[PDB]
Amino acid sequence: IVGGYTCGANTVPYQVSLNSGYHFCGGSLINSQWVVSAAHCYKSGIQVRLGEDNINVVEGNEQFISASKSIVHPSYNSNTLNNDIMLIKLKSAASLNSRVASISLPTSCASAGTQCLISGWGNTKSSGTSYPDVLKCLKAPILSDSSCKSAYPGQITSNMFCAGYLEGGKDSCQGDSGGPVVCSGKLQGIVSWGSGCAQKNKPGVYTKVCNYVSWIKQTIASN
Ligand SMILES: NC(=O)c1cccc(N)c1
Ligand SMILES: [Ca+2]
C-alpha cells in the first residue's frame, strides 16, 4: 500500500496473508472454511495466516492453516487478468473471534464514489521498494468506469473496476494482490493489477466481486 497508514493490530480481521515460506499475497476470509483471493496468486502449498498484524513476529492471535484445495475461476485469463479470482479451502475451520472474522459478500455492486478500505502488506513506495512488517490501510473511492477505461484503454472488462486517486500518490502495490477492497461492509474488490503504483492517471484495478457471488456460493456449497 502506497500513501496509506498503519491499520492497527487486528483492525481488519478478515485480512489474511498467503504464505509459501514467505508472504506473497493477501486474501479475505469469507467463512470459517474459505478464503477469496486473486487467481494470479495461485500456487500449490499455500498456508493461510489469519489474525496477523506483524507478519514477521508471532504476536499471539495468529492461526496458521494449510489449504486443502484451491479453485481458480474457470474463465480466468492469465494474459489479461480477466476473472482474477480464486477460492481457497482451509484444511480445518478457522476459530472465529474478534481478530479473525469473515467479511460479507456483496448483495449488489457498489456505485462509483463509494469509499472503500484497501489493505495489505505490499510495497509502500511508488518507485523503489520497501515492505512493511505491519498491515497498511488505504481509504479510496470507486472511480467511474469511464475514468478507469480511459486510464487503461483496451484492458478493462466488466469484471474489473478502478479505485483510488487519479492524482496518484495513494494506491495498492506489489504484495497487496489478492487482498480486500471493502465498501459499506461488503467485499467488493480483490487487489488485481495496475500500471506501476500510485502513478498519476493510473489507478489500481480490482476484480469486481459482485459479479462472482453466485459462482462463489455455488462453488463453496459443492466443495
Ligand atoms: N504494479 C503493481 O505492482 C501492482 C500490483 C497490484 C496492484 C496494483 N495497484 C499495482
Ligand atoms: Ca504475526
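FYI, in the authors' numbering the residues of the sequence shown are 16 to 34, 37 to 67, 69 to 125, 127 to 130, 132 to 184, 184A, 185 to 188, 188A, 189 to 204, 209 to 217, 219 to 221, 221A, 222 to 245.
Just so it is clear, CB atoms sit at the ideal spot from N, CA and C, and this is done for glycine as well.
1. By DSSP, does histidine 40 sit in helix, in strand, or in coil?
2. Please list, in chain order, all residues of the same chain as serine 93 whose beta carbon is under 8 angstroms from its beta carbon, the five residues on each side excluded.
3. Using the beta carbon as the reference atom, which residues fall closer than 6 angstroms to any heavy atom of ligand 1, ordered along the chain?
4. So what's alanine 160 in DSSP terms, helix, strand or just coil?
5. Considering only heavy atoms of ligand 2, does any lie closer than 7 angstroms to the CB of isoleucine 83?
6. Just to confirm, are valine 17 and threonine 149 a CB contact at a threshold of 8 angstroms?
7. Quick one: is the Cβ of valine 154 within less than 7 angstroms of any heavy atom of ligand 2?
8. Could you check whether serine 88 and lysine 109 sit closer than 8 angstroms to each other, using their CB atoms as the reference points?
9. Return the bridge partner residues of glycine 226 from the DSSP annotation.
10. If you measure from the CB of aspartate 71, is any heavy atom of ligand 2 nearer than 7 angstroms?
11. Within 10 angstroms of its Cβ, does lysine 222 collect 16 or more other Cβ (buried), or is it exposed?
12. Could you pull the DSSP bridge partners for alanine 24 from this structure?
13. Closer than 7 angstroms: is that where the CB of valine 75 sits relative to any heavy atom of ligand 2?
14. For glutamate 80, verify whether its CB is less than 7 angstroms away from any heavy atom of ligand 2.
15. Short check: CB of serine 45 to CB of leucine 158, under 8 angstroms?
16. Just to confirm my understanding: we take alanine 160, look at its own chain, exclude 5 residues before and 5 after, and list those with CB closer than 7 angstroms. What are they?
17. Taking only the alpha-carbon atoms, compute the straight-line gap between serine 190 and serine 244 and give it to the nearest angstrom.
18. Given this structure, state the Cα-to-Cα distance separating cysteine 201 from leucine 163, to the nearest angstrom.
19. Measuring CB atoms only, is the segment 46-56 touching the segment 108-123, in the sense that at least three cross pairs come out at less than 8 angstroms?
20. Are the CB atoms of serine 54 and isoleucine 212 nearer to each other than 8 angstroms?
21. State the Cα-Cα distance for the pair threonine 229 and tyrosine 59, rounded to the nearest angstrom.
22. Which whole-angstrom value is the C-beta distance of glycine 78 and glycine 142, which I expect to be below 8 angstroms?
23. Among the residues of its own chain, which have a CB less than 8 angstroms from the CB of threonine 241, if the five just before and after it don't count?
According to the structure shown:
1. Here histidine 40 sits in strand by DSSP.
2. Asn100 and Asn101
3. Counting every residue whose Cβ lies closer than 6 angstroms to a heavy atom of ligand 1, we get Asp189, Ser190, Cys191, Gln192, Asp194, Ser195, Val213, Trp215, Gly216, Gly219, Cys220 and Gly226.
4. strand
5. no
6. no
7. no
8. no
9. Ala183
10. yes
11. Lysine 222 counts as exposed, since fewer than 16 other beta carbons sit within 10 angstroms of its beta carbon.
12. Bridge partners of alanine 24: none, in fact.
13. yes
14. yes
15. no
16. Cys136, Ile138, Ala183, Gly184, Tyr184A and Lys188A
17. Whole-angstrom Cα-Cα distance: 33 angstroms.
18. 13 angstroms
19. Yes, they touch.
20. yes
21. 15 angstroms
22. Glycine 78 to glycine 142, Cβ: 24 angstroms. No contact.
23. Excluding sequence positions up to five before and after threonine 241, its CB lies within less than 8 angstroms of the CB of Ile89 and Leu105, all in the same chain and listed in chain order.
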